[PDB]
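The chain below stands alone and is given as structure tokens, in the form deposited in one PDB entry.
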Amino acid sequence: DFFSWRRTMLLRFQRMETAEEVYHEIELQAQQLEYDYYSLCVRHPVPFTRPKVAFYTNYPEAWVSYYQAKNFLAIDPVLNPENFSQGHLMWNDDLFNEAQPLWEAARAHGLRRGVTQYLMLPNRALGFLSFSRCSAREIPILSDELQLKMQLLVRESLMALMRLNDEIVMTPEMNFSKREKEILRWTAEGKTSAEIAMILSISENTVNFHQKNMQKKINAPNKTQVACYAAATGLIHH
């Protein structure tokens, strides 16, 4: 009877044409599980020093504004894979021992209990789904059925959002030609422009143009950043 839930959810997400349908479905499923608020967050693998983070939530506008103002993304333990197990995490008082200011601000805004699930996407982006409620001592649930239900919800929603090329999950656009990616693969092996020229039987002049043309559309200083970003997102071995 649970397996039929999995199958319907699988049928639902595969037939979605809109992002609003994805976020709405998450809203419903969260509510079926006695949770009021959902939040879907994605941390991209690049840039390496300040990884891009996009999110979408039905949290109260006041809490979102407060959260961003205090820069809580940078210290939220819910977004730290270390604190997870089997990609699952139940919110508790101890988890926020390092970030109490977050916890108190969240409680002051009406977030008593919550839970988070996470996975890694094909572009190596880290997706986080969080559910939260304002009510204590209600709890629905088996955890096992909870872990497994949420496990599916992160996957199929974010994968759906990728089919639709949504801005929240799609990495900074890097539409390269098959020629450009060949040069990237060899650059990533530590080949010089001269060696890549001989290997591909083209002039070093043509190699450097391609090299510069990729740096153009990404706005990057050298061939080193372009290659590492490509390696980091899996554009090379997808």
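What we label the rigid core is the largest C-alpha set whose atoms superpose within 1.5 Å from one form to the other. The first residue of the sequence shown is number 1, and the count goes up from there.
Beyond what is shown, the protein has a form deposited in another entry; the following relates to that form.
(request) Can you spot, among 139, 95, 164, 90, the one with a CA shift of 2 Å or more between this form and the one not shown after core superposition? (result) The only residue crossing the 2 Å threshold is 139.
(message) Would residue 217 count as moving between this form and the one not shown, using a Cα shift of 2 angstroms or more after superposing the core as the test?
(response) Result for residue 217: yes, a 2 Å-plus shift.
(message) If the C-alpha spacing of residue 138 and residue 89 moves by 3 Å or more in that other deposited form, is that a move closer or farther apart?
(response) Closer: residue 138 and residue 89 approach by 3 Å or more in that other deposited form.
(request) Regarding residue 82 and residue 140, go with closer or farther for their CA spacing in that other deposited form versus this form, the difference being 3 Å or more. (result) Relative to the shown form, the pair is closer.
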